[PDB]
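Single-structure report; data block below.
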RNA sequence: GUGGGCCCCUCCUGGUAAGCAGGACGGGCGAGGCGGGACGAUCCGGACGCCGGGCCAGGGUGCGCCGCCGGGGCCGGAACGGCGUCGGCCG
Ligand SMILES: [K+]
Ligand SMILES: [K+]
Ligand SMILES: [K+]
Ligand SMILES: [K+]
Ligand SMILES: [K+]
Ligand SMILES: [Mg+2]
Ligand SMILES: [Mg+2]
Ligand SMILES: [Mg+2]
Ligand SMILES: [Mg+2]
Ligand SMILES: [Mg+2]
Ligand SMILES: [Mg+2]
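Protein chains in written order, with PDB author numbering: chain S, 1 to 173; chain T, 2 to 119, 123 to 157; chain b, 2 to 57; chain F, 22 to 235; chain Q, 2 to 179.
Following this line, the structure appears as structure tokens:
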């Protein structure tokens with residue numbers, strides 16, 4: 001559901017400063033209306049330009065090619081009930097937006113932090129040798145094999161319409 | 002409240018402004034006032050004769066009487082569901098000429114002036133509440149790249 | 002026993018129900034309180050103007 | 022009588038106007054979404070952007086009911102002619118209208134309509150205010166009789182004036198009774214659209230919101 | 002629900018028909034109401050409303066008031082939806098044409114003896130239904146003694162007399178008499 | 001006719017505190033049906049002529065009891081303790 005957007009903005013031009021500077025950002029958001037709001041949240045803190053005093057020049061939407069599985073490293077900050085913290089996370093996904101979906105669900109589940117509690121500092125691709133987290137690194141290898149981690153899930157699902165049967169089914173492994 | 006004399010609750014509004022004590026400057030008495038003029042009421046706390054009640058500080062009214070020493074001013078005052086037209090007599094140290102219609106006389110003079118000039125077509129003279137901006141191009145040759153920063157504590 | 006002393010809770014809503022009235026148009030021009038020496042000269046001037054005088 | 026002759030001739034004159042204006046306005050609508058394209062493209066050959074015009078009209082929908090409203094909220098909503106929970110209006114954009122509408126944001130949702138959205142609303146939910154009565158809009162005979170002084174004669178002139186926010190927008194807009202739309206589909210009535218809720222500014226996403234309500 | 006309270010006021014009640022049981026008033030009002038609907042003249046509209054009024058809103062007119070008002074335009078028809086009485090303090094009457102609801106017996110005798118005419122509203126209806134060369138007139142609606150006691154005698158800006166007999170002094174010798 | 005009010009949200013004063021007592025803008029019950037909050041005058045929605053069809057707010061969707069699936073994680077109450085488990089930051 002996440003999407004990559006590039007936003008340009010600038011302070012409204014005046015007599016003291018004709019041709020103000022242009023600032024660009026990369027944003028991940030579910031749509032164009034949330035993305036432009038998040039651009040004004042940062043430009044107000046980092047550059048002290050409220051939304052009343054500036055204008056947005058573009059909301060570029062960028063669609064990425066998948067088809068191969070890469071590593072990503074996300075540097076972010078979030079807020080808990082006792083303060084603010086920094087954190088680095090690693091994930092394997094096919095596009096950057098999909099890697100941000102995975103991050104937001106792990107923050108929501110293990111830290112209970114929602115979307116507006118989180119500021120993304122950095123998102124970059126990480127080559128296989130340079131990985132630093134054990135979970136990701138296991139799969140950055142040649143020849144990884146494991147048996148199915150939950151084959152019971154197949155059997156139960158079929159038993160939701162086939163409510164009564166004549167023998168208890170097996171779980172092939 | 003429990004005590005409601007004429008100058009109750011006046012500790013700050015009737016006090017003088019910092020380094021502005023003493024006698025009023027003599028423009029207070031050389032101004033010319035006319036019937037129908039608009040004025041502001043501001044109490045000078047050093048002049049105790051013809052000093053209006055604290056309710057009238059910071060209101061705007063109209064001259065109805067020109068007396069030898071004091072002016073008569075009409076104030077619209079809301080009382081519990083209706084407006085009342087009140088008339089008071091106030092000495093010169095507590096009145097200043099008001100500019101509430103200054104902007105309107107400049108525009109009326111400017112529209113008749115810009116009509117006389119005709123630019124052969126008459127320009128639009130209605131005031132315009134700020135419109136949404138028009139389309140334009142802007143350069144992005146030199147663009148700065150910012151990002152959120154890390155927490156420092 | 003003791004009962005309530007004071008409230009203004011519903012009073013701004015009662016004040017607004019019939020609109021906020023305005024004073025009569027003729028109260029703005031009442032002669033009451035103007036200088037008598039000005040109101041004397043005002044009558045004298047009109048009585049001797051044939052366009053304004055109302056003497057028989 | 023002479024009444025039947027003039028009414029016979031007049032409608033004929035109005036009808037040939039309807040086939041002239043339809044084709045020209047269809048030509049105009051194709052040409053806008055072209056000229057921008059050539060202007061965004063000229064942007065690329067330089068290190069430049071093309072920043073287009075901001076909205077001039079909004080479509081505004083009421084999404085909260087009438088129990089428990091504060092006085093200044095309910096006065097603003099009556100001047101917008103939004104008295105019932107699913108009603109919709111067109112609205113001009115300037116600093117007078119924008120600043121009032123931000124006061125009642127948690128009651129309303131709004132954005133920018135396409136010329137397709139405008140057309141369906143008028144052709145399907147279009148009624149007229151005439152002598153204080155709500156009159157079905159079914160043919161060009163009634164738009165001509167009421168708005169001919171402002172040079173609006175057919176249904177496609179009314180659509181064009183509302184989409185372009187032209188000279189006679191105030192009279193063209195007030196001729197329409199407020200739209201009486203079907204019930205809306207919401208996520209979270211009490212939250213702003215930029216927090217995943219439903220109220221407030223939602224941009225071009227106003228077009229699929231009202232699509233199911235027309 | 003629908004919010005139909007803000008910016009909207011309570012509707013109004015006015016007399017849209019006479020409440021007299023006299024059959025001559027119903028016939029005339031119903032007739033002039035018809036002429037208005039087929040003419041759109043505002044003379045027949047004001048006259049249709051005068052025939053619904055409540056007899057304290059229809060004061061009388063004297064001959065001397067008419068002789069005064071109709072001066073210099075003596076060739077016109079005075080139209081009065083009330084009674085025309087006589088004024089014996091005027092010694093000589095001029096010649097005029099008056100159309101009224103009712104004439105006193107003594108006022109009719111004087112009007113005719115000068116050469117004038119006393120028309121009725123059905124003579125007016127037949128000859129001049131839309132009021133050409135006619136003037137509408139009425140008397141002083143605030144001449145009643147009852148309307149002179151409305152208000153608060155006792156309040157310092159009143160100018161109204163009290164109702165009964167008051168034999169004291171307290172509050173009756175001006176301000177600073179309480 | 002009324003001149004015993006009370007409650008909610010924000011803002012306050014006396015009191016250890018109180019479902020205590022006293023004040024303020026706006027709203028509600030009073031004098032407001034219907035659905036939901038198991039249950040409640042006031043909370044969340046929505047304010048009401050008598051019917052037929054459609055759409056759906058608030059809250060929810062194992063059985064009682066109208067309605068659910070897919071996916072990613074984890075597995076009343078204070079100071080103060082925990083080599084329980086998963087995840088981080090600094091050396
Ligand atoms: K007062
Ligand atoms: K009396
Ligand atoms: K105590
Ligand atoms: K109520
Ligand atoms: K722990
Ligand atoms: Mg009132
Ligand atoms: Mg309706
Ligand atoms: Mg209590
Ligand atoms: Mg009771
Ligand atoms: Mg129940
Ligand atoms: Mg069931």
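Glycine included, each C-beta is placed from N, C-alpha and C at the ideal position.
Taking Cβ-Cβ distances shorter than 7 Å, what residues in chain T pair up with residue i?
i                    : result
residue 15 (chain S) : Simply none; closest approach about 17 Å.
Looking at the unbroken alpha helix (DSSP H) that takes in residue i, where does it start and where does it end?
i                     : result
residue 37 (chain S)  : 32–46
residue 35 (chain F)  : 23–66
residue 127 (chain Q) : 122–128
residue 99 (chain F)  : 92–100
residue 51 (chain Q)  : 43–51
residue 56 (chain S)  : Unbroken run through residue 56 (chain S) is the beta strand (DSSP E), 54–62; no alpha helix (DSSP H).
residue 65 (chain Q)  : 64–70
residue 46 (chain b)  : 37–48
Starting from the beta carbon of residue i, find every residue of chain F whose beta carbon is closer than 7 Å, and list them in chain order.
i                     : result
residue 133 (chain T) : 115, 116, 117
residue 32 (chain S)  : 224
residue 78 (chain S)  : The premise fails here: residue 78 (chain S) is roughly 17 Å from chain F at the closest Cβ pair, so nothing lies under 7 Å.
residue 49 (chain T)  : Within 7 Å Cβ-Cβ: nothing; residue 49 (chain T) doesn't reach chain F, min ~42 Å.
Is there a Cβ from chain Q that is less than 8 Å from the Cβ of residue i?
i                     : result
residue 201 (chain F) : no
residue 87 (chain F)  : yes
In whole angstroms, what separates the C-alpha of residue i from that of residue j?
i                     : j                     : result
residue 143 (chain T) : residue 149 (chain T) : 15 Å
residue 36 (chain Q)  : residue 64 (chain Q)  : 29 Å
residue 51 (chain Q)  : residue 58 (chain Q)  : 9 Å
residue 149 (chain S) : residue 134 (chain F) : 50 Å
residue 125 (chain Q) : residue 134 (chain Q) : 12 Å
residue 12 (chain b)  : residue 30 (chain T)  : 44 Å
residue 116 (chain S) : residue 78 (chain S)  : 9 Å
residue 69 (chain S)  : residue 110 (chain S) : 24 Å
residue 169 (chain Q) : residue 151 (chain Q) : 22 Å
residue 3 (chain S)   : residue 41 (chain S)  : 18 Å
residue 136 (chain F) : residue 143 (chain F) : 11 Å
residue 118 (chain Q) : residue 57 (chain b)  : 33 Å
Can you find a C-beta in chain S that's less than 8 Å from the C-beta of residue i?
i                    : result
residue 65 (chain F) : no
Output, in chain order, the set of chain S residues within a Cβ distance shorter than 7 Å of residue i.
i                     : result
residue 215 (chain F) : 33, 34, 37
residue 72 (chain F)  : 57
Give the range of the beta strand (DSSP E) segment to which residue i is assigned.
i                     : result
residue 87 (chain Q)  : Element bounds for residue 87 (chain Q): n/a, residue is neither H nor E.
residue 118 (chain T) : That residue, residue 118 (chain T), is in no beta strand (DSSP E); its alpha helix (DSSP H) goes 103–118.
residue 112 (chain Q) : Per DSSP, residue 112 (chain Q) belongs to no beta strand (DSSP E); it is in the alpha helix (DSSP H), 106–114.
residue 75 (chain S)  : 70–80
residue 26 (chain S)  : 22–29
residue 232 (chain F) : First-last for residue 232 (chain F): undefined, no H or E at that position.
Measure from the C-beta of residue i to each C-beta in chain F and report whether the shortest distance is under 8 Å.
i                     : result
residue 137 (chain T) : yes
residue 76 (chain Q)  : no
residue 126 (chain T) : no
residue 152 (chain S) : no
residue 4 (chain Q)   : yes
For residue i, return the contacting residues in chain T, with the cut-off set at a CB-CB distance below 9 Å.
i                    : result
residue 77 (chain F) : 135, 136
residue 24 (chain b) : 77, 83, 84, 85, 86
Using a Cβ-Cβ cut-off of 8 Å, state whether residue i counts as contacting chain b.
i                    : result
residue 42 (chain T) : no
residue 73 (chain T) : yes
residue 68 (chain T) : yes
residue 19 (chain T) : no
Below 8 Å on C-beta distance, what does residue i contact in chain T?
i                    : result
residue 23 (chain S) : 147, 148, 149, 150
Report yes or no: is there a C-beta of chain T within less than 8 Å of the C-beta of residue i?
i                    : result
residue 16 (chain b) : yes
residue 68 (chain F) : yes
residue 28 (chain b) : yes
Mind listing, in chain order, the continuous alpha helix (DSSP H) runs of no fewer than 4 residues lying wholly within the segment 110–138 of chain S?
-> none
For the segment 20–60 of chain T, list the beta strand (DSSP E) runs that are entirely contained and at least 3 residues long, ordered along the chain.
-> 39–42
Counting only runs that start and end within the segment 110–151 of chain F, where is the alpha helix (DSSP H) found for 4 or more residues in a row?
-> 116–122, 136–146
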